[PDB]
Structures are given as structure tokens and as C-alpha cells.
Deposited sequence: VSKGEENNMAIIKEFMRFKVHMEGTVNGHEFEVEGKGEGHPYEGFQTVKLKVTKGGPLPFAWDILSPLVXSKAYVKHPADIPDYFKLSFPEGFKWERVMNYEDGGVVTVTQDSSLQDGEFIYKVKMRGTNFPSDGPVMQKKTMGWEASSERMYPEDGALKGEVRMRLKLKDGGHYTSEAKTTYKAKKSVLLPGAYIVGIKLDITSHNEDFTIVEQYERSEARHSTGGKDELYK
């Protein structure tokens, strides 16, 4: 009832990367039962950003994943109170991102509050250099542990030359009240930047996410 077939969300994020401080605000919308959503982000503070935007796109929406009928939807069940998550991304060249998030449902929209810090990105490195062309598709291996859901992903950024830059992510999702824990399973995500102004202080992305079983 409270989660409709079409839902909007507002997201506010504050971050530091390698010392640079900033802030992002976004309005998005999608189909939570299809796992289609889009967002329009504006950098409200510290714009333009001196690093590749790609390391933020994955920190802007687990409520919009298509679950087969035979997998309980921890995320959807957690509303309207919602859930929190804590993530660590380890980049291959020693880059580290850590993140806090809070998801809730107020007055018919999701509200996302994000807090991140990034550090030890090489200055010659392709993030601070901005040599990235978006993410490949990924498979997050979800699984229950201690009344929470953990996630793990090998993630891969297209490089501008031709290579790939690599990242290990480990997340802990924890609903604000107690909720059916599903079995272990996989989420297939694809994230794309659909458009952006010259200095990327305004950006639009489109995410598609579907859950499936593990063999």
C-alpha cells in the first residue's frame, strides 16, 4: 500500500574525497517492482569536483529492485521506517571509500541521506585524473548474517584508454525493525550516466536491478 508502482525519492549526500569537501542533491523516480529508476543530481557545494563522478554514482537505491515472487524483499518490507547501510569500496590502486546511508519513507517519497569519505586515491591515478567511462554490470552476492543482509561485489570501471579499474565492495544492510531475512541470492545491476553538463555539476543516471537465485 505505502510502496506504490511508481515512486519518487529525494537524496542528499555530503562527502570528502582526498580532502575536497562537497554536497549533492537529487530527485529521482522509478518502478520499485521493475527495478527501473532515474535520478537528476546537482552538486550544490564544492562544484566542479576534481575527481571522476563515477565513484559517486553507485552511492545514489535498493528499494527499486525486481524480486521474483519466491524471494522475500527485505528492503521493501522494511518500510515505512526503512533501513540503513554501511559500505566499504576498496579500489585496486589503494583508493578507499566508506559510506553511511539512511533510507525512509515520508509523505509518499523515499528519503536518502548519504555520508561518504574517500582517501588515498593516487593523484596520477585514473579517478583524480578522471579517465573513467562508467561501470560494467555487476552481481552483488547477498546473504543473511546476524539478522542483517550482507552484500559483496567485484565492480569494474571502463577506462578511457581501454582497460578496467577494479573495486571490491562489502555492504551491511540492516532494517530499522525486524523483517523476514531471505536466503542467499544475487542482484544484477546496471548503472548508466544518460547525460551531464561539461563539468558534471549536473548529472542524470538510469539504474536497472533484478534479483535471481544462486545456481
Stretches with no C-alpha atoms in the model, relative to the deposited sequence starting at 1: 1-9, 70, 226-233
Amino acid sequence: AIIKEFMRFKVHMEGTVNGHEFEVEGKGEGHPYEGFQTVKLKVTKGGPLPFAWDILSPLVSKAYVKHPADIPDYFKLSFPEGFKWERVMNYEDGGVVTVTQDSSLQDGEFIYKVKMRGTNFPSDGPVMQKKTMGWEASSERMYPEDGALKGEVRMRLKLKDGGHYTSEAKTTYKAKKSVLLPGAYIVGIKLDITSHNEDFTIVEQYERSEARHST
From here on, numbers count along this sequence of modelled residues.
Stretch with the higher entry mean CA B-factor, where the candidates are 179-187 and 160-168: 160-168
Selected stretch [higher average CA B-factor]: 41-49 or 151-159: 151-159
Third of the chain, ranked by Cα B-factor, where residue 35 sits: highest
Within-chain third of residue 114 by Cα B-factor, per the entry: lowest
Chain-relative CA temperature factor third for residue 199: highest
CA B-factor placement of residue 58, once the chain's modelled residues are sorted into thirds: middle
Residue 127 CA temperature factor, ranked by third within the chain: middle
